[PDB]
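Residue numbers (the authors' numbering): 224 to 309.
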């Protein structure tokens with residue numbers, strides 16, 4: 224759960240996230256599946272998510288508040304994160 228990149232002017236940028244950050248915990252829970260993070264974002268626009276990350280081996284606590292996009296019939300949360308390349 225290593226971010227490939229963070230878009231400027233995004234919720235993730237506001238949270239202080241950067242390319243290369245590893246998401247370790249979400250709301251005090253270990254992040255063991257990338258899809259959990261994706262779902263937390265999509266389903267919780269406007270909610271404050273407490274992140275524990277590792278950045279160059281060191282721990283940081285950050286606050287992420289997904290922004291919204293219209294979706295298609297139901298607005299979704301959106302953070303501006305490019306997932307790791309596959």
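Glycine residues also receive a C-beta, built at the ideal position from the N, C-alpha and C atoms.
- Shown here, residue 234 sits in a helix according to DSSP, grouped into three states.
- Residue 300 places its beta carbon less than 8 Å from that of residue 266.
- The DSSP assignment places 290-292, 299-301 as complete runs of the beta strand (DSSP E) inside the stretch 282-306, in order along the chain (cut-off: 3 residues).
- Just measuring C-alpha positions, the residue of 247, 298, 307 sitting nearest residue 289 is 298.
- Residue 250 and residue 230 have their alpha carbons spaced roughly 23 Å apart.
- Between residue 292 and residue 274, the CB-CB gap reaches or exceeds 8 Å.
- Between residue 260 and residue 287, the alpha-carbon positions lie close to 11 Å from each other.
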